[PDB]
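Engineer: The structure under discussion is supplied below as structure tokens; questions concerning it will follow.
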Amino acid sequence: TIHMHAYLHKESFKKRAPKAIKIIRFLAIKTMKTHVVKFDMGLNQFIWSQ
RNA sequence: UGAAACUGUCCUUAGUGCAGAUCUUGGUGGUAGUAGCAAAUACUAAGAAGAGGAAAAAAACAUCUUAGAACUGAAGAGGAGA
């Protein structure tokens, strides 16, 4: 579970969803040690659902 | 170094000697990798093409298709004329 509210607290509004993608990519790099991260189509759509 | 013309003495002649004219024309510096590249709400994921996202996050990646999210808001960022 990624507590996304921690990362996006008091963030610029027009850069909230794009930064949600960047943070997740960073968490995959620091965990799986791979620099090639591919987002599922469903994950991207959910982030932008709001 | 350069590869085809030139020099010394005597007279004669003159478009004859430059550091300045905010001189004329051409070239080049320090400033300086500095000031900037900030109006028009906004981009994201997958794939294709390409030399052109690599990587100890080098955090950003132009074009096209699909999906999401959006703006002009019909006296329009639409469709047409002088």
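Identifiers for the structure tokens are assigned positionally: chains receive A, B, ... in sequence, residues are indexed from 1 per chain, and ligands are indexed from 1 in the order shown.
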Which residues are near stretch 13-29 of chain A? Cut-off 10 Å, only C-alpha atoms (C1' of nucleotides), ignore same chain within fewer than 2 positions. Put them as an NGL selection string.
Structural biologist: (:A and (2 or 4-5 or 7-11 or 31-39 or 43-44 or 47-50)) or (:B and (41-45 or 57 or 59 or 69))
Engineer: Select from stretch 2-46 of chain A everything DSSP, run on the backbone, classes as helix (DSSP H, G or I), then give the selection as an NGL selection string.
Structural biologist: :A and (4-7 or 13-32 or 41-46)
Engineer: Just how far from atom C1' of residue B:60 is atom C1' of residue B:39, in Å to one decimal?
Structural biologist: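 Atom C1' of residue B:39 sits 23.3 Å away from atom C1' of residue B:60.
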Engineer: If we count only C-alpha atoms (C1' of nucleotides) and set the cut-off at 10 Å, which residues sit around residue A:41, ignoring sequence neighbours fewer than 6 positions away in its own chain? Please answer as a PyMOL selection string.
Structural biologist: chain B and resi 45-46+67-68
Engineer: For the selection you just gave me, I'd like the residues written to a file as a PDB file, in the first residue's frame, keeping N, CA and C atoms (P, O5', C5', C4', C3', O3' and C1' of nucleotides).
Structural biologist:
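The resulting result.pdb:
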ATOM      1  P     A B  45       3.775   8.592 -18.534  1.00  0.00           P
ATOM      2  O5'   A B  45       2.818   7.346 -18.769  1.00  0.00           O
ATOM      3  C5'   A B  45       2.530   6.435 -17.721  1.00  0.00           C
ATOM      4  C4'   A B  45       1.635   5.324 -18.200  1.00  0.00           C
ATOM      5  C3'   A B  45       2.149   4.535 -19.388  1.00  0.00           C
ATOM      6  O3'   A B  45       3.062   3.521 -19.014  1.00  0.00           O
ATOM      7  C1'   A B  45      -0.082   5.166 -19.784  1.00  0.00           C
ATOM      8  P     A B  46       4.179   3.011 -20.046  1.00  0.00           P
ATOM      9  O5'   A B  46       3.364   2.150 -21.106  1.00  0.00           O
ATOM     10  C5'   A B  46       2.677   0.972 -20.718  1.00  0.00           C
ATOM     11  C4'   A B  46       1.889   0.398 -21.865  1.00  0.00           C
ATOM     12  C3'   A B  46       2.641   0.244 -23.174  1.00  0.00           C
ATOM     13  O3'   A B  46       3.462  -0.905 -23.216  1.00  0.00           O
ATOM     14  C1'   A B  46       0.571   1.263 -23.597  1.00  0.00           C
ATOM     15  P     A B  67     -10.101   5.140 -28.277  1.00  0.00           P
ATOM     16  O5'   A B  67      -9.758   5.111 -26.725  1.00  0.00           O
ATOM     17  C5'   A B  67     -10.015   3.950 -25.956  1.00  0.00           C
ATOM     18  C4'   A B  67      -9.327   3.999 -24.616  1.00  0.00           C
ATOM     19  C3'   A B  67      -9.634   5.198 -23.739  1.00  0.00           C
ATOM     20  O3'   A B  67     -10.876   5.096 -23.071  1.00  0.00           O
ATOM     21  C1'   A B  67      -7.315   4.809 -23.742  1.00  0.00           C
ATOM     22  P     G B  68     -11.680   6.424 -22.666  1.00  0.00           P
ATOM     23  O5'   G B  68     -10.772   7.100 -21.547  1.00  0.00           O
ATOM     24  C5'   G B  68     -10.749   6.573 -20.231  1.00  0.00           C
ATOM     25  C4'   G B  68      -9.707   7.234 -19.363  1.00  0.00           C
ATOM     26  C3'   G B  68      -9.952   8.682 -18.982  1.00  0.00           C
ATOM     27  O3'   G B  68     -10.906   8.829 -17.948  1.00  0.00           O
ATOM     28  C1'   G B  68      -7.695   8.399 -19.602  1.00  0.00           C
TER      29        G B  68
END
